[PDB]
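Two versions of one and the same chain are coming, encoded as structure tokens; call them structure 1 and structure 2.
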Structure 1
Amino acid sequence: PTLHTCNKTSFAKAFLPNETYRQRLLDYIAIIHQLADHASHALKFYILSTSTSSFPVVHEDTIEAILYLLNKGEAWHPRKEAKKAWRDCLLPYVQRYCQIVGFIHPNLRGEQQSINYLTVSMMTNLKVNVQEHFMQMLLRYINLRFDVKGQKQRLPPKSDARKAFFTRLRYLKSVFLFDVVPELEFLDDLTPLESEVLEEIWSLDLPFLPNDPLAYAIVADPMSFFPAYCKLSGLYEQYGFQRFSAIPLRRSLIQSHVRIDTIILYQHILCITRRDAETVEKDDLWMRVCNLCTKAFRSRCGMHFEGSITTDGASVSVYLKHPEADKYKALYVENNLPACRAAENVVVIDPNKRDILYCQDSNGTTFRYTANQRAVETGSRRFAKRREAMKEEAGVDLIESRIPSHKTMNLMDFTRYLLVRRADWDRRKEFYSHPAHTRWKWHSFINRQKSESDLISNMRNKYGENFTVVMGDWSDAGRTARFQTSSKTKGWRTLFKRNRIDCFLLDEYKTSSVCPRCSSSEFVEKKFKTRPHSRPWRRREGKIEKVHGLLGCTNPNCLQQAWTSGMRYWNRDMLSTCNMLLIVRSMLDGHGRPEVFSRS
């Protein structure tokens, strides 16, 4: 089940107008922000430093010890022998790291609450980063060493004469991933390039499971692949390949959210003794700082507010906790037909880039939510110029652009990165101390809510108070193609669920290649009209653009004798919606998917 939810509000309204408490909140998060930032660098610095002897077995204690050592130095006196071992081992490096970046031990008190949150949060990033991206980068490395992208040019395409190469590549990849045990005679059939890659992969000391493929092994214990993941990054840098962030770094200097709980409240905000705090109710202790009468703190879906918030000095995130907390193909419309038949109105939506949502219904009405509307309404495009403009006024672009790559794994190269970051750290700190930077992150959230809230309001007025949405399954989720821009594709499947609007998926195969007025794809043409390129930089280059969103049908039955064009023009997105309605009506009527739209 779902046991949590969040309500985000502004710092001004969330807290009572008390500068003494408000200033303490800003000061505390600022100190915690520095510890989190330096802790990530220290963890990376320690790992690179120890690469000369052996890769350490990183654990939650490793991050926790670094956090304490950065703040308290040698004053940290843990009593668990497991942690105390890390203290002595990590002590030389933390002091070594501090002398390079010039960090001064804040010696903050009442740390354990913040340290625990950062310790777990930082360790969480290690799990996620290595859980899936390790497989992606490892497979990418195989493609890059063989220069597969270049192989398609050096070898004939679209022929069986070279299907062996890809069949060969699949066979090699299985051996590299240990998916299939190689035979003893297969080794002699390896060219020097193939043999070299095999040795390089063997140097990773990859874990292995005899029962299931490697992909399942990574999920079972992602941390076991951490030494391999760091080694893989070294190979990328050693051959000039586009480097990836092997170890996550909290690089951003913009004030980041810091979690504040009940314990942190009385220790740092109210600054009362623990003995006094425990004698008061949890809610009553918070009412002395936060304005719980605000709309943000109201309970929802049986989840009440318990003391816990994350703030960055501009916005406050209020978390609601369910009492049952742990305390330590169905999406496709093909199976949801019964619900659709009882829907008041059925809306078909075809996702695209310029027209993020293009909507149509059986009545024939149309509605779209273009990217330009989102950019103007959300203000991200408008904020971008101001964000870049501030750099020109303060001259910070000249500084950031020269920062050495943080993705590097060589200790000497990484040492330069820290030194260069320290060179202009003070100047950038003043620039990022401007409330504008955090204000935009908060204002962008308000505009984003308004733009998405107005989207539902327009759709409700356009199609009715209640309707069911059938959307295509196409999505560039985390796989945006080069050029173009990122667009919300799978996020709508969640947004509709937030508004309790039923959403179902539909296969788009051949939707954009059939004329609805004749139900035939035999007379559909593409990319006929030419014109100067719409993108101004491409236009200045003199390159030509062919219309992409315009499709016409040349079948005589669709034509009228008076037309000199010879085509019945259609909008690309409108064809898909009309075809979807035909598909939906066929399924709703009980005839299933039309043959013309069938893959078979």
Structure 2
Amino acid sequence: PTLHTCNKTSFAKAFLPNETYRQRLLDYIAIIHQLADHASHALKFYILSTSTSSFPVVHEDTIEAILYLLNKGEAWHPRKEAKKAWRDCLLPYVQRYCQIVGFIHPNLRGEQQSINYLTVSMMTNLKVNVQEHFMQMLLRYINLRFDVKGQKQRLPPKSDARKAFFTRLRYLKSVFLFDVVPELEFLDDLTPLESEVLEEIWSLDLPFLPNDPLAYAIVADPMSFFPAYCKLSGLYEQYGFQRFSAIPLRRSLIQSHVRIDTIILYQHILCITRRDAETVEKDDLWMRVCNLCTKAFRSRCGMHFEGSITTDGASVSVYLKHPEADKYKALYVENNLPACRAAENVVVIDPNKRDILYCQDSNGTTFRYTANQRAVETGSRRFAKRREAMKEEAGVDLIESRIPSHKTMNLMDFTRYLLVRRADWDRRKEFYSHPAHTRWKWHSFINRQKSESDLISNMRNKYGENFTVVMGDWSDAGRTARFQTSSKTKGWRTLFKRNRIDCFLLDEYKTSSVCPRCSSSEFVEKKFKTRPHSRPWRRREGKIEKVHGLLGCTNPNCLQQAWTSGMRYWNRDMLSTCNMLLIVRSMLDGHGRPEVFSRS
């Protein structure tokens, strides 16, 4: 449920023109960012130093104690046995790490809220990493050990001999996940590679469940897998394969948004005593520093401000909190045909790397939202160029290029990395302290919002005030094919949902191999013509590319006697849009998806 929402507005328009409050909040957020960064680094340092014997169990108390020790040192006096024990255990190396990195103790006062937020965020990052990239990383390690790439490149494809190996590995996956109990003969029959992989997997001491797979165990108790993940990272480093970040480190020196609440407000911004704060209403207390009459603070869908924002000094995130807060396959068009039937107009979109949205309707009014247009309107390319120019002028790129890997588990290498970072820490901090980096983020947000609004307005003008959007199911989410730029595929669903425009998915399978004029796939031609590579550096290198967005039909019926080409040329995006139109018409007419596009 949408219990929370945010209206991101500018810093100038969010707060009243009082320099004292602005300076106080800027200083506070800077201090909290420094504390979070150094706390993540100290946690990594402690884990690597104590890894000589065993991996310590990391809990909320551990990170909280690390943060408190960094801020105050031994002056922190926890009143609970667990926190006291954590402080006693973690104290010895905190000062050593601070001296190594020259970390001067800030001894910030009234850090309760900020330390709690940072500890919660760090534990969240740990849990998210463990959940997301444990199973995936383990399977990646298994495949790397099996050398699946080598077998694929060397062994014949689509053959029973290698289908046998594929089935063998698929069945062994269940044994690795403990879903299927292996027999003694099954274990004996394992080849040396399979036996070694099974033994190494068991060395991680992975948890187990009686009636559920390993993924269910990860979902239920993800935190228990942290030692296994660390050992897997160590194995990755030992074997020489590319390393991965097991412990999340907040290495970015750019100013980061810091939560600011009413307590922080009256402790640092207003600097009034807790006694006086309780005597004033929250809205009245906030009006002294924020213009609540501003549009950004208006209530939407029953949600109110309730005094909670995160600011980075340039853009202010104003969060609207619903009164009911916690107090601290169905999207496909096949299942949404009635909505399309009652829609005033139906528009089908075929996502692509370049043509992010290629739109068409029954009336034939074509519309597209290309990647180049998005780059121009958002300004990502211009901002990247300016950032590169600034880095070259300041020489920051040279400094950063020599920073060792943060993902290494080696203690001495990590110490050298920390020393290198400290060598030019001041220069990079000063460079990234420039307002452009935050102002760049704020301007990127504004440009993206304006581009989305313009896209919606153009679509409404072309197709009408009310219309329904049908989009292909293809989505390069998470993964991204190498040598290809990132593209927005799944965010358009959210964008259309925000603008109260229906967004229904559709299967793109074999939607670029059918000619609409004859509804046949035999005569469709692909990659028939060659031309120099469109990418300038490849073109200079002399490479040649095959056209993918151009398709033609060899069917004589589609041709005309006067033509000399011998084929009816087509646009890949246009073909996909026409095929989607035909599929949607068939579905709405009740005939279902055409048999030509149907799967095997």
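Think of the rigid core as the biggest set of C-alphas that the two forms share within 1.5 Å after superposition. Counting starts at 1 and follows the sequence of structure 1.
For the set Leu190, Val420, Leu108, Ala436, a Cα shift of at least 2 angstroms between the two structures, after rigid core superposition, holds for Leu190 and for no other residue. After superposing the rigid core, the Cα of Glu377 is displaced by less than 2 Å between the two structures.
Core-superposed comparison between the two structures: the Cα of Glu200 travels 2 Å or more. Superposed on the core, the two forms differ at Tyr171: its CA moves 2 Å or more between the two structures.
Per-residue C-alpha deviation between the two structures, core superposed: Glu508, 1.2 Å. For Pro210, the displacement of the CA atom between the two structures, after superposition on the rigid core, amounts to 2.1 Å. Look at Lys44: with the core superposed, its C-alpha moves 0.9 Å between the two structures.
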